[PDB]
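Participant: no FASTA, just this:
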Ligand SMILES: Cc1cc(C#N)cc(C)c1Oc1nc(NC2CCN(Cc3ccc(S(N)(=O)=O)cc3)CC2)nc2ccsc12
Ligand SMILES: [Mg+2]
Ligand code: NA
């Protein structure tokens, strides 16, 4: 790789100036070792005080490995980096990826380190390895090559990647390969036995055509990803409280589905009855409940993905390690809903469970639409921003905002 | 001639589009001009500045100032304009070490680098922007024009470039001498080690040997200041540390600027003086911006200040850090949303102390505040010691488990243990998850006229109990809370309550234990006294009996 690609920020935008957040001593030591080797390899270089920019850096351990991985939070630089159409007017997101019986995720970010970075743009990738207790100036570096996690890296490298895949793609016409940031998503319909080997096939390619974590493989099965329609109870005896909750749920669902009616069910609640009193369903109420049940079977109407709009992901804590979520662009028009349980590693740590849910939901969003959603997180900002980097294992990072008022609609997905 | 390595120049640019300065030189008295000529002549002989021709179009004004007992004129180049046009730099000197994070060092030396400061050359292509003019006597000859060859005192980039140049020079020495620590900040180099004073004096010598390779003359800091070293407001003693003496001024008239300074001292002191409180005193400066405005001290502010004075009677000290011991943080609730904490390794020997005040809010509870205090201490500890401390918290393990398992948000506190130091943080009420058999059911509603602000609030129950109360100067949201309050007042120890108020549910599901709304507080007091409360929500205006009935009773 000789010639660099001319890269520039967006009109009237300076480089990022984001503060480095505090790091534990073990993460600093990890980063010191990593950056010392990257510096020997020419991937990064020390910078002087004439560079005022900065992007935060921390260290993670990818799923099921013991080696620290450098993770740069390029979110600010990414939104400030010019939109890219690096050779064509855009690579269409493969709608068939989400349908493959198995999708394996490869960390191919190390391939980026073989392409030089436009010398004029390098100063914008500045980052700092902080010292403990401000006892020394942070160690200042900038990238000489395409950095992992930067929007421009897959774009600039897209030409080099297409060629590496050509032979493999030419041989396997039914395998779907999609690239997002530092990751390669490879879906096939053949079985895991030959899938795992076929995945290894693709690694050797990348290995002959050229890694610290390339050996890993994150296996998905989007064909087995289950949605969550709206379900109503099936009971032989309804209390006043049961019917009140049902009418509340159906009233909420009537914002999503037309033709939901609660007149006959509300009719059962005539009087001022004790909450635990059993109310027999009339024939009019049962029919109404059956018509609502039928309505809720069919999907929502006029729901379409608008590529120009952000995806929004909301998450609710349901308790007992269960989490529900909905992805949408306009309210009440869900493009995807889901439910998680038994997040391994933290039966007694809410924040770790939430961090894993965020990563799994972002992974589903990448597969289905090719971009990450903006999260609405049921957590206080100070708690989240203190701990999420401790459980993060993905090489990308989505955006998030915080929900401070308890949504009433948690009960409806329960 | 011993060849000396040249100090690498830092490339400098002006902000994009902007040009160098063009400020007219003031008129100067003949006396000041003579003084400036002598100074600049000496500076030129030393290489700091050089005469330039008339082609240079930029200019920065220069002044001459006089001192008290030193019968001297000092030079002064007003680089204010040039600084506005100079690029931004990386300022590597934002935060300073906290003494509680430092380890003891047997020996400490202080070198002076003010003269090595001038060996740092200024980027050649940038010097033209530093041009200044000494006016001539009687304005009868051209003014003598100079430009800088070194980092000008007062120029925007001098601190960062000097600091960065020194760090680069020291890098090898520090790396090849792991048994010493070098703190460079300002013109002072501070070297410490656990070596015997003799073997320590040699490392110092080798450091001069090293600094000499770039021709940097550095002798001991003139008038070696006895211990303690006065640094960044601390008293750094060999075995202990503290802020310099904290003296709270005595006054009968307290003004805006007095209470600010009083909080500053109290805040600066709260890092070692344990238990400092500052709400009431910080409270007294809610919105005023006239620092000369006098404010009477609430009797709760005098009690707080008098409490600070007692804590400030005897000075307190902290211990330095031992990485081989545990790091422990203990928190106490002080009241009125105030929290105090101590960080230590051995009991009774604090590394440092601190405090936390609750965030602004209409509603809150002690567990949420305690969680916030823990996060603040966590982040402070990662800065100072690079690790999270073990916490000792005045909350029962069982209380925490109930709180986080049932709280609608995700929440987490790191490894901690209960310490039985009252007052203990507790949960003051817990709503039922299911309706209560045998408990009376209250259907509550309220409503208010937006024009007249007249309202009604009340309930009807399954036993035929009813109440509607007429209210004045109220609102929908107030009548909705008043209705729940009435049902709590008028029911037994176990009660089911049915409301359509999404506003009320939002508040109560947040589990406040205290509010700035007296009406929410009254509801909390009632909830505390109940044995069981089930709160059910229904949508308004849907023909839900009881709800519909009471909605009519209150909608006038
Ligand atoms: C070297 C240094 C000195 C000062 C001062 N003023 C401040 C800082 C921030 C310095 O920078 C570092 N200081 C330390 N530890 C401290 C521990 C306690 N003292 C007090 C002292 C000791 C001995 C004598 S004595 N008996 O010789 O008179 C007098 C006073 C100074 C050293 N650790 C590090 C690690 C990286 S930088 C740095
Ligand atoms: Mg009403
Ligand atoms: Na109370």
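Facilitator: Nice, I can see it. Residues are numbered from 1 along each chain as shown, chains lettered A, B, ... in the order given. Ligands and ions are numbered 1, 2, ... in the order given.

Participant: mind listing what the residue lying closest to residue A:269 once chain neighbours are set aside touches?
Facilitator: Leaving aside its chain neighbours, residue A:269 sits nearest to residue B:545 (4.5 Å; criterion: CB to CB, 6 or more residues apart in numbering or on different chains). (Each C-beta comes from the backbone N, C-alpha and C, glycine too.) For residue B:545, the contacting residues are A:269, A:270, A:271, A:272, A:273, B:443, by CB atoms under 8 Å, 6 or more residues apart in numbering or on different chains.

Participant: which among those residues are in contact with ligand 2?
Facilitator: The residues of these that also fall near ligand 2, by CB under 5 Å from the ion, amount to none at all.

Participant: most surrounded residue in those residues?
Facilitator: Greatest neighbour count in those, by other CB atoms under 10 Å in any protein chain shown, goes to residue B:443: 31 neighbours.

Participant: isn't that one right next to residue B:460, touching?
Facilitator: Yes. Contact between residue B:443 and residue B:460 holds when scored by CB atoms under 8 Å: they sit 5.2 Å apart.

Participant: and chain B, which residues reach ligand 1?
Facilitator: By CB under 6 Å from any ligand atom, the part of chain B that sits against ligand 1 consists of B:97, B:102-105, B:107-108, B:181, B:183, B:190-192, B:227, B:229, B:231, B:236, B:238, B:320.

Participant: out of the contacts of residue B:545, which two sit at the greatest distance?
Facilitator: The most widely separated members of those are A:270 and B:443, with 12.6 Å between them, by CB to CB.

Participant: just to revisit the earlier point, report the buried members of the residues of chain B next to ligand 1.
Facilitator: Buried positions within those, assessed by neighbour count (16 or more other CB atoms under 10 Å in any protein chain shown), are B:97, B:102, B:105, B:107-108, B:181, B:183, B:190-192, B:229, B:231, B:236, B:320.

Participant: just give me the neighbour total for residue 40.
Facilitator: You didn't pick a chain, so chain A it is. When neighbours are defined as other CB under 10 Å, residue A:40 has 9 of them.

Participant: try again with chain B
Facilitator: Counted with other CB under 10 Å, residues neighbouring residue B:40 total 19.

Participant: am I right that it is in contact with residue B:134?
Facilitator: Yes. Under the contact definition of CB under 8 Å, residue B:40 touches residue B:134, with a separation of 6.2 Å.

Participant: joint contacts of the two?
Facilitator: What both residue B:40 and residue B:134 touch, as defined by CB under 8 Å, 6+ apart, is the set B:144, B:146.

Participant: rewinding a little: tabulate the buried ones among the residues of chain B next to ligand 1 (TSV), appending secondary structure and distance to residue B:520.
Facilitator: Shown next, in TSV, are these (DSSP: H, G, I helix; E, B strand; the rest coil; distance: CB to CB, whole Å):
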residue	secondary structure	distance to residue B:520
B:97	coil	45
B:102	coil	47
B:105	coil	55
B:107	strand	61
B:108	strand	57
B:181	strand	54
B:183	strand	52
B:190	strand	55
B:191	strand	59
B:192	strand	56
B:229	strand	53
B:231	strand	49
B:236	strand	49
B:320	coil	47
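
Participant: biggest separation within the residues you listed, which pair?
Facilitator: B:97 and B:107 (18.0 Å).

Participant: quick one: the strands in the stretch 151-300 of chain A?
Facilitator: A:176-180, A:183-188, A:218-220, A:238-239, A:278-279 (DSSP state E, counting those that start in this stretch).

Participant: which one of the ones you listed lies closest to residue A:194?
Facilitator: The minimum distance between residue A:194 and the strands of the stretch 151-300 of chain A falls on strand A:183-188, with 8.2 Å, by CB to CB.

Participant: show me the chain divided up by domain.
Facilitator: Going with chain A. Recorded structural domains for chain A (assignment: curated CATH domains) are A:6-95+A:121-161, A:96-120+A:162-219, A:220-305, A:306-414.

Participant: correction: the question concerned chain B.
Facilitator: Structurally, chain B divides into domains by curated CATH domains as follows: B:1-92+B:118-158, B:93-117+B:159-227, B:228-321, B:322-428, B:429-556.
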